[PDB]
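What follows is a set of notes on a single structure, which appears directly below.
Read the figures in this text as sums done on the coordinates, not as results from a lab. Positions of Cβ are generated from backbone atoms using ideal geometry, with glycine treated the same way; all protein chains shown enter the neighbour counts.
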Amino acid sequence: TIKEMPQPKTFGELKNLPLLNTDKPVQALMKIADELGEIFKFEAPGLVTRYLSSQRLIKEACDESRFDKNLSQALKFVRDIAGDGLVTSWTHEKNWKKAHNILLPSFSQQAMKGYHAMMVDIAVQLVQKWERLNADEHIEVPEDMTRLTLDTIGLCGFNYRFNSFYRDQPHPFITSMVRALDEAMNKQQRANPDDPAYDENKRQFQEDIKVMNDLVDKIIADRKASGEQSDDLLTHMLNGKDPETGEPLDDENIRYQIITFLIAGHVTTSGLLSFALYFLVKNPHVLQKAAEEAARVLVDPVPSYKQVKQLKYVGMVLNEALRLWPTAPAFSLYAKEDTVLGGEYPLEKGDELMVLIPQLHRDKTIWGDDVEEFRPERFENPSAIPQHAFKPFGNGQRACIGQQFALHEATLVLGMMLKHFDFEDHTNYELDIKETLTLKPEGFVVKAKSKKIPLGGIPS
Ligand code: HEM
Ligand SMILES: CC(C)(C(=O)c1cccnc1)c1cccnc1
Ligand code: NI
Ligand code: NI
Ligand code: NI
Ligand code: NI
């Protein structure tokens, strides 16, 4: 049964473009979904896409034989930063599967066990940072989470210490990255991108890329004059070869993956931890139930790998935070061939789809009407959830390669946070979600009273 697909207001030649003229476009989209329903057509000068919001339509979109990963307009712009790295490369593109084969061992199970000791190294620094604050001082939550997450991927991934906790301004890499990513997001609303009104923007962009590449230069150089070295993500990135082709990555594609993992390896994880701590202070009974598990499981000066894997309610807290606000709010898909979606919406070949993940996670036919409420108990049994109902990490072979990395780090750190501190909503923070292609609550500050529980010595 063919259906006519709804479409919001069109402003003439600009079509639906002026609707996304906001600091918060994803949220503007979610409200559009609330009016228009399962699916709606969205076009602008350039191309057309279709935003899905129901589990009914998305589980069909997640069929890898009917649909493949599409680079949305945003990704096509991010591609100017990350090139043909794992994130911004097409599925059937040369360097994707090549690097997918080379780098997947770096996120294997015994790769994770290797990262743990270093993950704790940074986690301790976060705790001690807070242990050493004065009585009056506030904790800027997303700022410090970014320090932790960036330093973790920098150390675990490349054996490079950003030393973010030795700076009270963000690292030069961060500032250039945020500007470059904000530019990619801002260029979407740009009528004539090559209008000289944005020469000013293109000049700052070339500079931010200079700064970011200057750091990749440091990482590769430090590895040169080393002799340990040894076996991390950069090691595979430099020496590994694709089994199917017997080829290593270019001198060029390597630089793209480093930039890819320096950005992707922290940008969304920082948001998750921030959203988790936000919901916890806004829901104190949840906070204490998780604080108990933290105190119960973590019985040593430093958490072990097994102990992190036993923080089950904490993991649920993280998953529920990812439900309400997936810090990677969307991914795109294209029809491999002609097909029908849900037996109602006929798609041509190459037609583009957008998975609106926060609205998917609010599907009342899956979760009930208490969708906006923060109950970690939804995930107390994983199998209870329909397939393709919970998609904070993408789908299929294009799903997040660092999903376990993020979740292990986030659980470990949140576990130590709850073992060592109580938390006060010092400002009664009104949630203000900042969008930079990713979701993150800005202006969020808390206060921590230490439980005076000692730490220990860092492993290896
Ligand atoms: C809460 C944390 C994270 C979230 C919510 C998240 C989300 C996602 C999503 C939605 C995708 C799909 C992209 C698409 O389909 O267009 C993805 C892919 C990817 N992510 Fe993550 N991610 C997280 C953490 C990480 C970490 C820690 C790393 C690296 C250490 C990472 C690196 C990547 C890479 C390289 C891809 C593309 C891989 C491929 O297509 O072969 N992400 N992620
Ligand atoms: C791919 C995705 C979703 C993303 O939107 C992205 C990628 C690079 C820079 N900024 C955002 C992402 C972001 C962070 C971690 N993994 C994936
Ligand atoms: Ni029918
Ligand atoms: Ni104060
Ligand atoms: Ni340079
Ligand atoms: Ni190896």
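Highest-first packing order for the peptide set 147-158, 273-284, 361-372 is 147-158, 273-284, 361-372, based on the mean count of other beta carbon atoms within 10 Å. The H on the amide N of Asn70, modeled in the peptide plane, is under 5 Å from the matching H of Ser332, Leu333, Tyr334, each at least 5 residues off or on a different chain. Annotation: extensible slack from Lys3 through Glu43 equals 12.6 nm (criterion: 0.36 nm per residue apart, minus Cα-Cα distance). Taking 18 Å as the limit for the C-alpha separation, the pairs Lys76/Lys187; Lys59/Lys97; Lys419/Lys447; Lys129/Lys452 exceed it in the case of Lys59/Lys97.
What number, in percent, do you get for the relative contact order of the chain if the mean sequence gap of Cα pairs under 8 Å and at least 6 apart is divided by its residue count?
Working: 671 pairs, mean separation 116.3, N = 460.
Reported as a whole number, the value is 25 percent.
Within the straight-line cut-off of under 13 Å between alpha carbons, the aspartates and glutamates reachable from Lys312 are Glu292, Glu293, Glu320, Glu377, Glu380, sequence neighbours fewer than 8 places apart in one chain being disregarded.
A P(r) calculated from all alpha carbon pairs of segment 211-254, with 5 Å bins opening at zero, reads 5, 18, 27, 25, 15, 8, 2, 0 percent. Summarising the overall dimensions of segment 39-105 from its C-alpha atoms, the Rg and Dmax are 14.3, 42 angstrom.
Calculate how large, on average over all directions, the projected area of the Cα convex hull of the chain is; give the answer in nm² to one decimal.
That works out to 22.8 nm², a quarter of the Cα hull's surface.
Starting from the Kirkwood radius over alpha-carbon pairs of segment 218-303, derive D by Stokes-Einstein at 37 °C in a medium of 0.692 mPa s and give it in µm² s⁻¹.
Details: Rh = 16.9 Å.
Answer from the Stokes-Einstein relation: 194 µm²/s.
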